[PDB]
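Order of the sequence lines fixes the chain letters, A, B, ..., with proteins taken first and strands second; residue numbering starts at 1 for each chain.
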Amino acid sequence: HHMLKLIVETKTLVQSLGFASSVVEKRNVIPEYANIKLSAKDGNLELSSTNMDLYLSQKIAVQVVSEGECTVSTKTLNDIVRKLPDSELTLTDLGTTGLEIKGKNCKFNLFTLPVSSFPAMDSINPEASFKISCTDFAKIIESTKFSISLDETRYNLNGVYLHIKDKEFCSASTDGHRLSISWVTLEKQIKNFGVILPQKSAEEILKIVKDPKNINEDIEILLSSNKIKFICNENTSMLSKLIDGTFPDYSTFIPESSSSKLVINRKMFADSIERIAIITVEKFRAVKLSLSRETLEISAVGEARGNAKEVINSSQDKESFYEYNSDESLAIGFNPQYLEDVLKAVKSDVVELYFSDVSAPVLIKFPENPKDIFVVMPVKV
Amino acid sequence: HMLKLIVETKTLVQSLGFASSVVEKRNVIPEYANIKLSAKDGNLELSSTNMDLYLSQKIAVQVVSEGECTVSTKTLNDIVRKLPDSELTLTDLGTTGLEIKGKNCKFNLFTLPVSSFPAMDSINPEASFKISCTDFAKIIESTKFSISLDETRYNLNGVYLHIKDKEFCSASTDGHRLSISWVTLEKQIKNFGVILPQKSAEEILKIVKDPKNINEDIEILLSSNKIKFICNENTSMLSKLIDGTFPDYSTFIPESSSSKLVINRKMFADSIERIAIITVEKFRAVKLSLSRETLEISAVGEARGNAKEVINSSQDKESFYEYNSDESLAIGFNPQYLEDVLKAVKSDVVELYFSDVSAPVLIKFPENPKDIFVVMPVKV
């Protein structure tokens, strides 16, 4: 009966198909069989994309000529729409002919798959529900997604721990070797609750909130024991399953005391670590920080490759800033990637590193970023 | 005699890029390759080799001490690309290795004995000549896409570089299409030809396209067992050859045609590309339904759908379409084989010469009278 027909701005459809494709990508590949549901109703086109773990619904304004729904291959629709030059396209369900995608000079017919086979979005019964700005949400995921464990066998670490703590919404991640924590203050008291969001879901919702149409708006977060739902700026909803696991108590992992402090230009430090780390081998990814008031020497060795050293001098100039406030020298080793991950996560002129002994973790903080904390365990050098 | 020199960093980065790529091989980790550094007479010579080719690059440096050493190509490349200094000092310090020294930074790379590093072989040319780098780039770009990728089809698995009367020509074929591209030489040279391996063709193309070489000349030396390129004096590449005999191809160029299409190249290529999206690997084909009034480019994909684009007759340059026949012709092609040709020559209009549905198409660009392409059709 109801046959979909709409006219849509091509660039807007391309953007929505990009998110619909990304959310079901299981490697760098859209599954050949993945389908997208297209629902034209009430001035809008709703695009739905889902797999076993995730459900994404997007609504975009279109010219709805006839109400209706159909489903087609996600990858094929994505591939075609990105190669049409027209500023607008017409989409028409022609029944046995398929879904017609029509520009000025060209027509594609995509065989449809029945809507009756397409899953509806699950319901959610939220334990907690609240809204924060998309800027604040992007920050806490940006600051924590890099230190999730990529080891699938460490189930409770293959995601970010999203949890409410008093009036603070926090994301924490750890992989056994480092800890990242980032939070935002909530305006209302909510029941303390905590869930582990899978890596892929965290990556996808981050890209959604960072979209220029969303980054200056708000995201609603609905938490339950088995599901989490994100409603980003009204018109995009993502539902995710949760990782069945218990996030470690990271409480005692944060150093309460330190005996020395490094303040250093962030880019200078990051670029030097990167350079010096080149000579290392996978069997021993480590750089040595030989810290003193006058100089920092960053050095490394690579078995059967060579060695490397860069010297950073004390400086009060912003672009080369280096200060280390101790009469005692400290030589402490770190996996360079763990330091680089943190340094890349926060855009700050300088970074602060708080140390104790050679066997204790470093606590890393950025000025003007009071709600981000990073802890990294050393390695023997 | 310990090497010591000062070199402009960006120049060294450029040379190391070619040293890294030239030795790439399947199932051969880039970590195995060593590079020989030889400082002599105001130049640093960088030597790279594998079982198929030998690359020697010379760049001007300040030689403090003459000498030679060898180090890991990948390690030298990776470090030098990350140094901010406008100049670097390289010093072979002996037991501690080759020192790369910037401001406030020093890297020591373990060396391997120069006596273990192979020297370049020689060539006994049957044909020696020079052409411009732009000419060499054109004939490779017009032919490298249609070699056979079957490694067992020996004498189709590379470009056939050959002298014919006063022409230097490249030809390639995979059994489905033929590409031919040539330039005229000034001096008469013995007729002779070799089959250049794909990887060697790719690597010498990148060298001749470098901004420092593209406007200069390349010397080409052909022999029975190798080919040598000397690109703009300071880069030499010796390559082995594919041991086969390239087929006699001239008679496969159609000598007559019964209809002719003239069409804007970009419009045609863009349309083929989008119609091709609906096809499947088992049946990569687009149908050209040609008439005076319109061309319909269409395709089908089993269990996917179908697609059609209509191109109307036009004398406007950007949309040009003219088909000189009262009869309709519906003929199919693998879209990749048309796209390969259309992407190889950057000219505004292209001509396609047809006979019947089962005959190959002859493709010519009016702007490029020394490039010829022939493509077999497929049933649609």
(message) Between B/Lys40 and B/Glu66, does any NZ, NE, NH1 or NH2 come within less than 4.0 Å of an OD or OE carboxylate oxygen?
(response) yes
(message) Within the 3.5 Å criterion, strictly below it, is a donor on B/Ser172 or B/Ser146 matched to an acceptor on the partner's side chain?
(response) yes
(message) Closer than 4.0 angstrom, basic N to acidic O: yes or no for B/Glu68 and B/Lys36?
(response) no
(message) Parallel, tilted or perpendicular: which one describes the rings of B/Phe136 and B/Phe168, with boundaries at 30° and 60°?
(response) parallel
(message) Counting only heavy atoms not in A/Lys75 (residues, nucleotides, ligands), do more than 12 fall under 6.0 Å from its NZ?
(response) no
(message) Assess whether a salt bridge exists between B/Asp210 and B/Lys206, defined as any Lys/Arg side-chain N lying under 4.0 Å from an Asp/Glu carboxylate O.
(response) no
(request) Kindly write out the residues that satisfy side chain to side chain contact (heavy atoms under 4.5 Å, CB included) with B/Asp326, not counting sequence neighbours, or none if the list is empty. (result) B/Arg292
(request) Return the set of residues passing ring pair (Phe, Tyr, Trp, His ring centres under 6.0 Å) with B/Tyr337 (not counting sequence neighbours), or none when no residue passes. (result) B/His176
(request) Evaluate the ring planes of B/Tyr160 and B/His162, with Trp represented by its six-membered ring, and classify them as parallel (under 30°), tilted (30 to 60°) or perpendicular (over 60°). (result) parallel
(request) Would you tell me whether B/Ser239 and B/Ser200 have side-chain atoms, one donor and one acceptor, within less than 3.5 Å of each other? (result) yes
(message) Going by the rule salt bridge (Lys or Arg N to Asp or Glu O under 4.0 Å), which residues pair with B/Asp174 if we only count those two or more places apart in sequence or in a different chain?
(response) B/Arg177
(request) Begin from the C-alpha positions of B/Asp150 and B/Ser148 and carry the test side-chain hydrogen bond (donor to acceptor under 3.5 Å, both in side chains) through to its verdict. (result) CA-CA 5 Å; B/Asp150 184 337; B/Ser148 175; 5.4 Å; no
(request) Go through the structure and list residues passing salt bridge (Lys or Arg N to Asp or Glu O under 4.0 Å) with B/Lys10, not counting sequence neighbours. (result) none
(message) Strictly below 4.0 Å, N to O, side chains only: are B/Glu141 and B/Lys209 in salt-bridge contact?
(response) yes
(message) Any salt bridge linking B/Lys199 with B/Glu203? Criterion: basic side-chain nitrogen under 4.0 Å from a carboxylate oxygen.
(response) yes
(request) Answer yes if the side chains of B/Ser313 and B/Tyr323 hold a donor-acceptor pair under 3.5 Å, and no otherwise. (result) no
(message) The criterion is salt bridge (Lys or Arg N to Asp or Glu O under 4.0 Å); which residues satisfy it with B/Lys370, sequence neighbours excluded?
(response) none
(message) Is a donor from one side chain sitting under 3.5 angstrom from an acceptor on the other, for B/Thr70 and B/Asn34?
(response) no
(message) Taking side chain to side chain contact (heavy atoms under 4.5 Å, CB included) as the definition, give me every residue that meets it alongside B/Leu83, ordered by chain and number, with sequence neighbours left out.
(response) A/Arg275, B/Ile79, B/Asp85, B/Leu88, B/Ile100, B/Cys105, B/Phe107
(request) Determine, for B/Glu126 against B/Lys190, whether the closest basic-nitrogen to carboxylate-oxygen distance falls under 4.0 angstrom. (result) yes
(request) Determine whether the side chains of B/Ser56 and B/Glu45 contain a donor N or O and an acceptor N or O closer than 3.5 Å. (result) yes
(message) Please determine whether side-chain hydrogen bond (donor to acceptor under 3.5 Å, both in side chains) holds for the pair B/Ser314 and B/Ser319, giving the CA-CA distance in whole Å, both sets of side-chain angles, and the decisive distance to 0.1 Å.
(response) CA-CA 6 Å; B/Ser314 166; B/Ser319 56; 2.8 Å; yes
